[PDB]
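Presented as structure tokens, the chain that follows is alone, the form deposited in one PDB entry.
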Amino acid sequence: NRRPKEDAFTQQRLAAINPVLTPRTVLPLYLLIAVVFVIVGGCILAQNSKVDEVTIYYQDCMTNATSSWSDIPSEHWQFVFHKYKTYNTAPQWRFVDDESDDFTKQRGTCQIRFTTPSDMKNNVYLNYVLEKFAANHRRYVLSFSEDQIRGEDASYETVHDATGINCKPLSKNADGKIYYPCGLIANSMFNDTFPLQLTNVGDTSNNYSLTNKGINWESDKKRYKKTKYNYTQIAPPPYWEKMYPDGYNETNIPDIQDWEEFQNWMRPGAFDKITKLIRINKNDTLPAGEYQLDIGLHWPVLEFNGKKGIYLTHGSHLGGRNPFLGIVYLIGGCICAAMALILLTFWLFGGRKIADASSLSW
């Protein structure tokens, strides 16, 4: 028989619910989304108002600082403490010296002394902020070698003309030596020397120790591996030529499986502001007191009017003190309560009966 198969699928008789949006269904749907997003938006802004932070910019420390403790002008520092909303004791810097044998564009330690009238609770993160540095251009973010990130002995014709991500401007110097971290990303790192202890001046000389371990994800040690080059076929990239002034010896090959400041830098940030984690202390509490960190300046920004900074915070569950994410639940709960009163004032002063108003009969 050529009769087709009647199986409630070819007959299009699947089980369905057929929703009709009458104003006894979607008017409770609007006051339900309203009483969720207003209450969640109150529970985010109660959390995201208790987050404290410290931001100090120090790009104008070589030029606009003296050799004595002078207060930072207010265009650089900003810090927010919730227990002390009116707090205006400004931090003070001290530029140590032009230490007289360097590259004379940024040099010398920039000592910065601030005051914290709170308790940065358990995980005290120390980032660094970088404004107006473009790490999201086209040729920049595509210049590294993934086989050298993974630690292989790639040839010249494996880092240069690979498809997609190759280190095209930076692959050899003059002498056949492949640059071992190749590309514009690894060549152009951040190399200020941050301290490993906030110097507890004034109070007791019991320091606050900051470690640089655990600074990145501990699952990054599967694509980052130590290399197997022969210390005679590699040379440092041309902006690393003040850290390895003779070249690579038998010992100074950088273990990029363990050197985790480099692992933060090799993910290029997406926008024109860059905050990368560089110091941490998961052990102790940062109590109230006047601290001092001393940054050794090495990385120049004033030839393109960029910024360098310090970002000392305990975080949150949603990140840091970004007040957007709790405002927009209040807006999404007030619009869903506005558009439920627009459609209930119009419905009473207005409205329909719910059958036989067709244009078919009209």
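Shifts are known only where both forms have a C-alpha. In case it trips you up, residue 1 is the first one in the sequence shown, and so on. Think of the rigid core as the biggest set of C-alphas that the two forms share within 1.5 Å after superposition.
Not pictured, yet referred to below: the form deposited in another entry.
Novice: In a fit on the core, which one among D284, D255, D203, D71 has a Cα that moves 2 Å or more between the shown form and the other one?
Specialist: The one that moves 2 Å or more is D203.
Novice: Once the core is aligned, does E218 move its Cα by at least 2 Å between the shown form and the other one?
Specialist: No, its C-alpha moves less than 2 Å.
Novice: Is the C-alpha displacement of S100 equal to or greater than 2 Å between the shown form and the other one once the rigid core has been superposed?
Specialist: For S100, whose C-alpha is compared between the shown form and the other one after core superposition, the shift is 2 Å or more.
Novice: Upon rigid-core superposition, which contiguous segments of at least three residues exhibit Cα shifts of 2 angstroms or more between the shown form and the other one?
Specialist: Moving stretches, in sequence order: 98-102, 203-205.
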